[PDB]
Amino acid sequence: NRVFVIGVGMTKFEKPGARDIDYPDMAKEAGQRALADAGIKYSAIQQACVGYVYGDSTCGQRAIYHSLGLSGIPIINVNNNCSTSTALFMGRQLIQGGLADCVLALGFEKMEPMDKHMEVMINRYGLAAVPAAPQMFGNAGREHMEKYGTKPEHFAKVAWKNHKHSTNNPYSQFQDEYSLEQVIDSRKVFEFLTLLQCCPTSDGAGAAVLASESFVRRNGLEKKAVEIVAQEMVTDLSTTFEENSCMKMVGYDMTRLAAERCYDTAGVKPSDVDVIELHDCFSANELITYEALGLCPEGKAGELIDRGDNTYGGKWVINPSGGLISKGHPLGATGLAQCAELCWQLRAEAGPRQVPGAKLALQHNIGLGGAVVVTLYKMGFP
């Protein structure tokens, strides 16, 4: 059962408190945008999958009813207690499993001794991270430098490149080009990681309408249908003391396996991917993720970076959106915003960010559990 994204929508991602609307209105703007993009009636939505981190179990229903009106459709909260997914992944499962023909994936967030120090830092500098995460990604980045000769400047260049892409994304909280020097000189967060290398919190919402093949054909929606040609989630891989590493502790092998299974399923390889949206919570994650995704061999991200093979004119255009580093990271909404950008890219509607001739898109995203989801997209009916 093939699955298509037939419409996408998001709010601008803004600094918490910069825009005075509550989460239901954020959700309504994203959802109504995705529904208008899809070109379907609201009644065509048979189920909704709703991702958000903060607030009680009723928020998903409240967002959906405010957006679509009252109905009796299933409203599934992605983040439960007993399983530890994403809205898009669950949406795709519903279509692929034959449990629905047309579904709305909706995501939103509105913000409501070293660990203690990181908590205070995260609060004061407005970072979208848990206290452990700067330290874990700093540990992973250091391990990479020590094992492969990567320089602290490489991590700063990754962040620099993201901020530069962001100048052409009106949905991004930050749209300013910083100099490389400014990235290096921004406030220290942990170790080599400075503030301009860490994702800030944004408030916002994202949405996608997903549909079966028969739905797309019956409604004549072939034109905007972006096919999910593969999608894989990998949860924690249990390893021994002797094989554990800082890189593995931040999900390197989960990304690697997820991507390998995608490539095999779609019959493609890393070099066929034209455009990437990945989970750059820290520059260190983006950098090691280049190797996890198999874009370059082990320890060679530094070279890829120095050649500009992660930006326009290089092999891969990575985070044309500006990444989490520029957009900011509303926990429930980030994945759907990556999906929006990749769909626009493949539809040739990405305007000043357009990757010319993009046909194969790759998404890399992390669920609330820490699970990694890698998704491959191509136009469904070219």
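Don't overthink the numbering: it's just position in the shown sequence, from 1.
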Check the entry and tell me how many residues of the deposited sequence have no coordinates between residue 84 and residue 85: none, 1 to 3, 4 to 9, or 10 or more. 1 to 3
Answer with none, 1 to 3, 4 to 9, or 10 or more: how many deposited residues between residue 112 and residue 113 are not present in the coordinates. 10 or more
Of 245 to 253 and 267 to 275, the stretch with the higher mean C-alpha B-factor in the deposited entry is 267 to 275
Compare the mean C-alpha B-factor of 175 to 183 with that of 218 to 226 as given in the PDB entry, and name the stretch with the higher value. 218 to 226
Can you tell me which of 284, 205, 237, 258 has the maximum CA B-factor listed in the PDB entry? 237
Sorting 69, 335, 322, 330 by Cα temperature factor from the record, which one lands on top? 69
Residue 366 - Cα temperature factor, lowest/middle/highest third of chain: middle
Considering every modelled residue of the chain and its Cα B-factor in the PDB entry, is residue 12 in the lowest, middle or highest third? lowest
Grab the CA temperature factor for residue 51 from the record and place it in the lowest, middle or highest third of its chain. lowest
What third of the chain does residue 88 rank in for C-alpha temperature factor, lowest, middle or highest? highest
By the entry's values, the third containing the CA B factor of residue 126 is the middle
